[PDB]
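Novice: Return atomic coordinates for the entry below.
(chains A, B, C, D, E, F, G and H, ligands or ions: 3)
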Amino acid sequence: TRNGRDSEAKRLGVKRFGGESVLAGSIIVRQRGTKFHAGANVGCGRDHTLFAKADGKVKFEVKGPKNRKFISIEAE
Amino acid sequence: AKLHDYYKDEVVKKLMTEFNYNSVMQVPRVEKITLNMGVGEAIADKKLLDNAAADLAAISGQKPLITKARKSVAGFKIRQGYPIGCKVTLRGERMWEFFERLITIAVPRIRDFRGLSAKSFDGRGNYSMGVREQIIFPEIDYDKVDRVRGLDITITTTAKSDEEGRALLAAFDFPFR
Amino acid sequence: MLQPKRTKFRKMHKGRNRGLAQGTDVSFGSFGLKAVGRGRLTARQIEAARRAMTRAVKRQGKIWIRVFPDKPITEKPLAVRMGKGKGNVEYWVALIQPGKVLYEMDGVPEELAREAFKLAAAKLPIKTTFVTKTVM
Amino acid sequence: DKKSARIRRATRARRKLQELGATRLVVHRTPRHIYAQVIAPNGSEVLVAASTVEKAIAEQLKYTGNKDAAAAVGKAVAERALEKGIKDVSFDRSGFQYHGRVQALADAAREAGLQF
Amino acid sequence: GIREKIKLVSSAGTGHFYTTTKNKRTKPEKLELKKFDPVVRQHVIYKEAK
RNA sequence: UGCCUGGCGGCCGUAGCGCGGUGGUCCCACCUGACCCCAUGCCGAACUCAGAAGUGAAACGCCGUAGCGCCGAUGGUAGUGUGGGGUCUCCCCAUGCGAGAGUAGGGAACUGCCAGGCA
RNA sequence: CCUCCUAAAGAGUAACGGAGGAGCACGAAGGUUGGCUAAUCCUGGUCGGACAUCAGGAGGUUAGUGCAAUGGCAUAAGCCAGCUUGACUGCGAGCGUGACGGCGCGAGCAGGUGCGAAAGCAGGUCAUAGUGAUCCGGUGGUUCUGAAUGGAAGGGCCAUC
RNA sequence: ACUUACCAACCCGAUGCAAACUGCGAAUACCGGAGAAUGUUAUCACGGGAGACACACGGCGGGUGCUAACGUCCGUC
Ligand SMILES: [Mg+2]
Ligand SMILES: [Mg+2]
Ligand SMILES: [Mg+2]
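Specialist: Numbers count the residues shown, from 1 in each chain, chains lettered A, B, ... in the order given. Ligands and ions are numbered 1, 2, ... in the order given. You can find the structure just below:
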């Protein structure tokens, strides 16, 4: 019934994959909820956007007793 | 604490030999008696809510919390977080003194009284009951009444079965069924 | 007529009919009717083929329907241009793969099973064959 | 449950100090005794540990756990910490209130000269 | 619309003001907030919420 | 060094649940008392104080048990990149990678620092 | 303008394709500190039934989140109380996303505060919609300009309608 | 206080289906790093001048249409 609307697709997804050396302040994954969680040297933004807090490589880990995914940054 | 001393002297040694426990701490014991009053009618008029508070605080000896409602549904005509009842939980010295005043003056002066029900257990060893026509309570005067009110006397017991809950009241002598 | 009583959404895309079937063995009765070809079974075809066998296998035994349509097909009516949104739902179809057991029957002789399944194979738009329950 | 409600209460304060990489001072309270441990930021090893179940502390105490005992063992951990020099540890209340022996163990260690 | 605009005026000598919105229909009470005045470089009393 | 117990972790169900048995010198748990420090959106239940009369019940720790959760091959099947072909709505052939589910089976965790008790 | 799918396991991706929703609300529904754990069902029972409120047990987030939908949420972002105003100002490395105009995230520093004992946290709200570029003026502040000079008018700057 | 040739929720076992179901899970594609070979820099930045913004069909992955169209709208070649 009277359909036919669609919004601008927000540019989500992973912007910095694992093994990439990023700068301090770079955006790794743009996301709505906590699909990915903050870990070592990774800050969580206001809109749950995970960013870098230190210069290093992106490391994906699955830790915790609830089997949740994490993003950590090891020193290069 | 007349029945608290009566508990340690008579009730503990009675259940020690009846159900042959290996530890003396395996005895059933009372934890709390939650004096409740679900007034309910306070959607229309709020003056019966304040009167219910003072009547439940006359049966007990301390101030209650006006209880907020559980979950807002439309078919039951209640709102989320709505003041609709009041309760008092008694633990310690207030618990033993009220339990004596319950069984010897309030319970026998019930008209048409034949006995409580010996099967009014929850399934794990706790007993809930009510007593009718609250004039039987000596605190409420007959001139200060507004309407018949409510009360849910529940005996919280650390026992693991209903049979252990039966024998604990037997030492409190619970007049009979 | 076999159709869903309630769906979360009214319309559904066209899709494809690729892949192999999963309804391989008879697990309710002893006799079955297995599809050989590939295609779609509409709501009228499933209803008519149930009526086609039931006439000859009179009221004893038991018949199962192993499939369910769960897929609507819309049509655009005559003298209507293309566009103007998707058309209205007309009939329900079922995606059928080669190897799907469609029709089952139990409590009948084997000779009676050969007759009724032959009478129901003509109403189906795809080729079928006769199968029998194998254990394990 | 009694114990598991204490664990989930502290868990927000536990993992917050893990995100900062600081050394935390956890406490365990008992009607009998009381515990206090200085833990490395990895969490798998400790550096300063002194309790009231040790006979060195319980001799000077009338009862094993009270506000006087938490002042004794609060100093005792803090005196062993200054001999090691961990010097600005963090304080983990570990699910208890900051009102009683948890406060008494903390204020005694503040008096010795630790930075928290 | 229904939502009106107000200006939080500093109680000090400076005439610096912030802006915000309040509901005049159900909340006629004057707002009381402490905000940073960048002229006097302190936190001061803000008043006059219409 | 062994045994037992506590604390914080690594790990995140081969670490869970249920059933059966067992532990109190120490430990922990309940328990005792509470005018008070305080606490309750009522309530010494929780919170928290002061004590040790009592006890291994509830809970917790350990051992045992395959009812359940979970882990999980080998082979095979579905699918697919590239190329080729057919009866071209679909499928096959050459080569590369390999499921899901299910079966055999595994499985009643393992490990680090430190403290206490016993020998 | 927002949400999901179409979208073919990165992003992007059309149609008079399929389903909705927004032109706000909020001084607490914000910040911080301290606490708290539902949905459903069994049994028990002065008024009391289908529900008024409870007790224990089963169950362990299927509940809830100012609303559309998805992705989140137990350390709870859910709920309650105390104290409050960081819904701070001047800045901002670095980054996402755009043809462009622009939009969005962002630690940290300087100044002065709120809460907590403290480590710390706070530049709005679980996130993603709640919006109108410019010209033209209105209001407040700032000697910046002042068509001979000294003012003033007007304009600009900043705040705002 | 019980039951009958009655209707029947939840739960349990067996069995399917779903672009807007996922307790599971590829092929390749994509992102980053290292390495050899090969390719007239094929790449990026910047400057001068454009044209083009009506695309077609075929294979494949689809929406729509009748798994009609030398039909239409995308992705890819
Ligand atoms: Mg206690
Ligand atoms: Mg036991
Ligand atoms: Mg497998």
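
Novice: can I assume residue B:81 sits in a helix?
Specialist: No - Residue B:81 sits outside any helix when classified using DSSP: H, G, I helix; E, B strand; the rest coil, being coil.

Novice: and it, what does it touch?
Specialist: With contact set as CB atoms under 8 Å, 6 or more residues apart in numbering or on different chains, residue B:81 has these partners: B:68, B:69. Backbone N, C-alpha and C define where each C-beta goes, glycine included.

Novice: any idea which residue sits dead centre in chain B?
Specialist: Central residue of chain B (CA atoms, centre = their mean): residue B:153, 1.8 Å from the mean position.

Novice: Please tell me how far the nearest residue to that one once chain neighbours are set aside sits from residue B:155.
Specialist: Once flanking residues are discounted, residue B:153 sits nearest to residue B:129: 5.3 Å by CB to CB, 6 or more residues apart in numbering or on different chains. Look at residue B:129 and residue B:155: by CB to CB, to the nearest Å, they are 8 Å apart.

Novice: and the two? which has more neighbours close in?
Specialist: The neighbour count for residue B:129 versus residue B:155, taken as other CB atoms under 10 Å in any protein chain shown, is higher for residue B:155 (23 against 15).

Novice: Next up, phi/psi of the more buried one, please.
Specialist: Dihedral angles of residue B:155 (phi, psi; degrees, to the nearest 10) stand at phi -100, psi 110.

Novice: Would you mind naming the residues that bridge with it?
Specialist: Residue B:155 has these beta-bridge partners by DSSP bridges: residue B:33, residue B:127.

Novice: So the residue most central in space within chain E versus residue E:22, what's the distance?
Specialist: Nearest residue to the geometric centre of chain E (CA atoms, centre = their mean): residue E:8, 1.7 Å. From residue E:8 across to residue E:22, the span is 10 Å (CB to CB).

Novice: got any residues that touch both of the two?
Specialist: E:31, E:49.

Novice: name the element the residue positioned nearest the centre of chain A belongs to?
Specialist: For chain A, the residue nearest the mean C-alpha position is residue A:29 (2.8 Å; CA atoms, centre = their mean). Using DSSP states H and E, residue A:29 sits within strand A:27-30.

Novice: Indicate whether that strand makes contact with RNA strand G.
Specialist: Yes - contact of strand A:27-30 with RNA strand G is found when judged by CB under 7 Å from any atom of the strand, involving A:27, A:30.

Novice: I'd like to know which elements that strand is packed against.
Specialist: Applying 3 or more CB pairs under 8 Å, 6 or more residues apart in numbering or on different chains; DSSP states H and E, we find strand A:27-30 packed against strand A:13-14, strand A:50-52.

Novice: For residue 10, give me its contacts.
Specialist: As the question left the chain open, I've gone with chain A. Each residue near residue A:10 by CB under 8 Å, 6+ apart is listed here: residue A:30.

Novice: meant chain E, my bad for not saying
Specialist: Contacts of residue E:10 by CB under 8 Å, 6+ apart are E:16, E:17, E:37, E:44, E:45, E:46.

Novice: Which members of those residues are positioned in helices?
Specialist: Within the contacts of residue E:10, no residue falls in helices by DSSP state H.

Novice: can you pick the most crowded of the residues you listed?
Specialist: Neighbour max across the contacts of residue E:10 (other CB under 10 Å) = residue E:46, 22 neighbours.

Novice: That one and residue C:45: what is the separation?
Specialist: Distance from residue E:46 to residue C:45, counting by CB to CB: 77 Å.

Novice: returning to that earlier point: what's the residue nearest to the centre of chain B sitting at in phi/psi?
Specialist: Phi and psi for residue B:153, reported as degrees, to the nearest 10, are phi -70, psi 110.

Novice: Alright, I will stop here.
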